[PDB]
C-alpha cells in the first residue's frame, strides 16, 4: 500500500502547502505526455501534425514549462470576483453618465472622431480575442494556457463595452451611421490599415512562441498605447469623460496581460539562446507595429506627439523584460 498524500502527487515536497492557484491550475495538459503521438489516435492526423510542428518544435525551448506561474495567480473563481467588481464600476458609469445625458454635451467634431477612431475598434478588439484564444490552445502548459484564457475574456470584455457604447451613440446621433459604418472604416481607412495588416498577419503565426510574441509582446502594447492611452487622453481633454474613464478601466486589464507576459519572458531567459529567439521575432514584427501607430495616431489631433509617446511607451514594456 502507498501512503495517502499531503497534496497532489506532482506537488509533493514543496516546503509550503500549495495554494488554490497551484491546486487547480498546474500540470493539466496531457497531449504533452507523448510528443510522438500527442492525441489518442493515429499519429498522422492533421491535428497531430499541427501540435508537433507548432507546439513541440517551437524555437522557444524550456525543460519544464509546467514550472510557470501566473503572478496575479488567477483562477476562474477569483477572476469573476475581480471582474464583477470592475464591471459594477463600468456599468455604473454607463448608467449614470447617461442619466445625465453626457452624450448630448459632446461636440459635432468629437462625434465625428468617435466614429472614425473609437467605434470601429470592435474589429480590432475581436481580432485580439481571436489572437489570445489561439495562444490558449497551443501553449505548452496549463498555467500558460490559463493566463491566455482570462486575457481572452478581457478581450471580449472590451469588444462588449464598445458594442454597447456604439448603440448609445447611434441612439443619440442616428444620422452618423454608428454601428453600420465601422466595417468599411475598418477595411478602407488609412488610419486603420496599419493595425489591420499587423493583426491579420499576426493571426497566422501558428508557432506558439511566435504567437505569444507577435500578439502579447508586439501587437497588444501598440493597440493599448494607441487606442487606450492616446485616444483616452484625447477623450478627456475633449469633453468625452466617459471614454477617458472607459479606457483607463480597460488598461487595468492590459496591465495584467503585461504582468504575466513579463513573467513568461522572465522564465524563458533561464535558458540560453531564448533571448535571441524572442528578439528576432520582435524585430520581425516591430516594424509592422510602427506602421500601425503611425497610420492611426498621425490622423489624431497633435499627431506626431502621439506617435512619439506611443512608440516609446510600447517599446518600454519590452525593454523592462530585457
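Residue numbers count along the first chain shown, from 1.
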Determine, for stretches 271-279 and 49-57, which one has the higher mean CA B-factor as deposited. 271-279
With respect to the recorded C-alpha B factors, which stretch has the higher mean value, 155-163 or 229-237? 229-237
Hey, out of 206, 79, 173, 123, whose CA B-factor is highest in the deposited coordinates? 173
Looking at the C-alpha B-factor of residue 116, is it in the lowest, middle or highest third of its chain? middle
By the record's CA B-factor, is residue 194 among the lowest, middle or highest third of residues in the chain? lowest
Relative C-alpha B-factor of residue 73, binned into the chain's lowest, middle or highest third: middle
Split the chain's modelled residues into thirds by Cα B-factor; residue 108 lands in the highest
Could you look up the Cα B-factor of residue 284 in the entry and say which third of the chain it sits in: lowest, middle or highest? middle
